[PDB]
Amino acid sequence: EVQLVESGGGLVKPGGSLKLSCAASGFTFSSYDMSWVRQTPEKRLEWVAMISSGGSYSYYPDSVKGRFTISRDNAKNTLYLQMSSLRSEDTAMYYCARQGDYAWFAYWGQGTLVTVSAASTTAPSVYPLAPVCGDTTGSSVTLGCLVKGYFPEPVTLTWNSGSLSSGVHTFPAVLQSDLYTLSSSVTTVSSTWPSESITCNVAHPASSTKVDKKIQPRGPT
Amino acid sequence: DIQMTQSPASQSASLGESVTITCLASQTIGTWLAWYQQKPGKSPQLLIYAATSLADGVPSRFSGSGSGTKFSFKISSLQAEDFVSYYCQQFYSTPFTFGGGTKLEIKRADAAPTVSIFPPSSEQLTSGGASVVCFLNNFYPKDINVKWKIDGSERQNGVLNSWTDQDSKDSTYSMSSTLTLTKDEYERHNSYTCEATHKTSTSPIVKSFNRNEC
Ligand SMILES: [Cl-]
Numbered sequence: 001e002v003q004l005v006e007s008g009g010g011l012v013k014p015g016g017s018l019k020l021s022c023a024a025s026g027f028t029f030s031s032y033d034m035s036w037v038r039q040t041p042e043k044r045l046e047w048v049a050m051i052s053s054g055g056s057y058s059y060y061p062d063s064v065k066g067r068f069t070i071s072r073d074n075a076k077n078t079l080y081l082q083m084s085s086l087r088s089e090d091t092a093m094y095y096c097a098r099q100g101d102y103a104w105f106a107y108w109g110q111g112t113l114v115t116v117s118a119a120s121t122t123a124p125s126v127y128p129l130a131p132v133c134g135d136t137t138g139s140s141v142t143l144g145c146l147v148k149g150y151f152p153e154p155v156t157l158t159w160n161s162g163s164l165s166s167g168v169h170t171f172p173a174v175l176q177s178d179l180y181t182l183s184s185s186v187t188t189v190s191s192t193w194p195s196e197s198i199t200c201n202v203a204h205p206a207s208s209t210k211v212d213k214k215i216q217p218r219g220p221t
Numbered sequence: 001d002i003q004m005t006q007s008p009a010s011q012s013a014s015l016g017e018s019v020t021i022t023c024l025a026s027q028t029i030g031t032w033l034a035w036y037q038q039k040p041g042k043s044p045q046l047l048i049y050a051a052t053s054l055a056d057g058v059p060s061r062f063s064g065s066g067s068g069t070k071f072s073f074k075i076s077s078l079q080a081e082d083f084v085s086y087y088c089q090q091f092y093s094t095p096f097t098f099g100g101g102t103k104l105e106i107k108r109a110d111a112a113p114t115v116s117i118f119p120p121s122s123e124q125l126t127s128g129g130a131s132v133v134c135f136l137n138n139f140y141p142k143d144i145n146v147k148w149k150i151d152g153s154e155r156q157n158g159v160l161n162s163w164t165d166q167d168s169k170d171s172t173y174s175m176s177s178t179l180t181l182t183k184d185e186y187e188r189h190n191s192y193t194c195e196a197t198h199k200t201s202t203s204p205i206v207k208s209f210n211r212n213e214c
């Protein structure tokens, strides 16, 4: 099976440098032209660079020309992308792709994420969202969890350590003033809460933070 | 550079329906075009190359046509797994360029949102801020409007919205709206209201609470 595995992604300040690698296996690497193709946060696909099978010829769009260098080591079955003078608009998932006889992209790796930002790492506040105080309760109840003010992405959010997965919606994070905010809702039958425990579990790997917030009813005063 | 204009940006269809996506090149490129699929959380995969040739292992319900500037990609009978994104790409000339993509979504019966409002948590009210959250859950179709009012006054400043992708289980959409104020401003007002406008009713769904009432 053709296999392409990218590595080297990370969070870098504007003006910084990063070198990506792509380990190729399951085909004769030296026989194929290769490209890097990136996908921006807006899900736009952008070709970044191409290199010939033998490594002698390279091609770039003007967007990265003079900043990025594609190279390959045929003996090591590896493709590289040296990135320099990084800009916010270079933020993307970077994929390694094997070309056909022409530059269609027949096989793609899983991608390595590059984030170019000066924003400071910030742990979120995690807030339990219980229904309005003294609200008349219907047949179902909806609870929430607000994860406010973190950087970078991602967080992981579960309910009851992942045991509560039905009736859950976790909303995509929104970015404001260099901080993300996310929320999650969970809907259960009213006979299950608050008689049974519901807890939001949030981890933010970049800040090594993990918090559990049990949803408790508002009140009694 | 060759601009690839892909249409539509999104389209809703039923299971079993035939759909056609178009890609327009800004100059003639013969048959030097490819089409890709991308499933959520996965890398793009080649479906069609050289305008009409199916990649190895691709089902024959996928096809491509065209030469010159106007290209078509067709799915003859949509299967559940096909409601994802598709992109065209030219390889006629560097720089290689992609269309903007098309997302296919599944149709279902109209459903009104279930609306829930959440006052700031007691824990948050220890910060400089106070967030009021409104969930508009499990509605169809995707278009919806939310309005916030504070003491009857429409509030735009400090509102941020987030929308889920179509639910894989029930084909509905959900939306979260968060109004963030300073704690001081929160405590200056009494009534907080989230109003949802959706095609399922001529009247908005209104959820409200009064601060420090139980
Ligand atoms: Cl070469």
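Chains as they are written, first to last, in the entry's author numbering: chain H, 1 to 221; chain L, 1 to 214. Virtual Cβ for every residue (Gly too), placed ideally from N, Cα, C.
Look at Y94(H): its C-beta is not under 8 Å from any C-beta on chain L. Here the distance from the Cβ of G55(H) to the nearest heavy atom of ligand 1 is below 7 Å. With respect to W148(L), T200(L) sits apart: the two C-beta atoms are not nearer than 8 Å. Taking C-beta atoms as the reference points, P128(H) and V147(H) fail to come closer than 8 Å. Chain H has no Cβ within less than 8 Å of the Cβ of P40(L). Residues of chain L whose Cβ lies closer than 9 Å to the Cβ of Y32(H) do not exist, since the nearest Cβ in that chain is about 14 Å away. For the segment 128 to 162 of chain L, the set of residues with a beta-carbon nearer than 7 Å to any beta-carbon of chain H comprises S131, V133, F135, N137, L160, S162, in chain order.
Per the Cβ contact rule, the segment 54 to 61 of chain L is not in contact with the segment 50 to 64 of chain H (fewer than 3 Cβ pairs under 8 Å). DSSP places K213(H) in the uninterrupted beta strand (DSSP E) bounded by 209 to 214. Of all alpha-carbon atoms in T112(H), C145(H), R67(H), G167(H), the one lying nearest the alpha-carbon of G10(H) is that of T112(H).
For chain H, the residues of the segment 175 to 191 of chain L that bring a beta carbon within less than 9 Å of one of its beta carbons are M175, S176, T178, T180, in chain order. Look at the segment 63 to 84 of chain H: the residues with a C-beta under 9 Å from a C-beta of chain L are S63. Shortest gap from the CB of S52(H) to any heavy atom of ligand 1: under 7 Å. Between the beta-carbon of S177(L) and that of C214(L) there is about 24 Å, and that puts the pair past the 8 Å contact cut.
Apart from the 5 residues on each side of it in sequence, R211(L) sits with its Cβ closer than 6 Å to the Cβ of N190 in its chain, given in chain order. In the DSSP assignment, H204(H) forms a beta bridge with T209(H). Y87(L) reaches chain H at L45, counting residues in chain order whose Cβ is nearer than 8 Å. With respect to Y36(L), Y86(L) sits close: the two C-beta atoms are nearer than 8 Å. Note on the segment 171 to 196 of chain L: whole beta strand (DSSP E) runs with a minimum of 3 residues are 173 to 182, in chain order.
Of the residues assessed, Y57(H) falls on the exposed side of the cut-off, its CB having fewer than 16 other CB atoms within 10 angstroms. Runs of beta strand (DSSP E) with 3 or more residues, each lying fully within the segment 75 to 115 of chain L, are found at 85 to 90, 102 to 106, listed in chain order. Within the segment 172 to 192 of chain H, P172, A173, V174, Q176, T181, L182, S183, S184, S185, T187 place their CB atoms closer than 9 Å to a CB of chain L, listed in sequence order. The beta carbons of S207(H) and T121(H) sit about 6 Å from each other, so the pair counts as a contact at 8 Å. If one requires a minimum length of 3 residues, the beta strand (DSSP E) runs lying completely within the segment 92 to 127 of chain H are 92 to 99, 105 to 108, 112 to 116, in chain order. A direct Cα-Cα distance of roughly 39 Å separates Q3(L) from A196(L). Residue burial is scored here from C-beta neighbours: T202(L) has fewer than 16 other C-beta atoms within 10 angstroms and is therefore classed as exposed. Of the candidates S72(L), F83(L), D1(L), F83(L) places its Cα closest to the Cα of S14(L). Contact between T78(H) and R72(H) holds, with the beta-carbon distance rounding to 7 Å and staying under 8 Å. A Cβ-Cβ contact shorter than 8 Å links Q6(L) with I21(L). Taking a C-beta distance under 8 Å as the contact criterion, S76(L) and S12(L) do not qualify as a contact pair.
For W159(H), DSSP records a beta bridge to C200(H). Using a CB distance cut-off of 8 Å, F29(H) does not count as an interface residue toward chain L.
Non-local beta-carbon contacts of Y95(H) in its own chain, meaning distances under 6 Å to residues more than five positions away in sequence, involve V37, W108, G109, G111 in chain order.
For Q166(L), DSSP assigns no beta-bridge partner whatsoever. About 6 Å separates the beta carbons of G8(H) and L18(H), which is inside the 8 Å limit, making them a contact pair.
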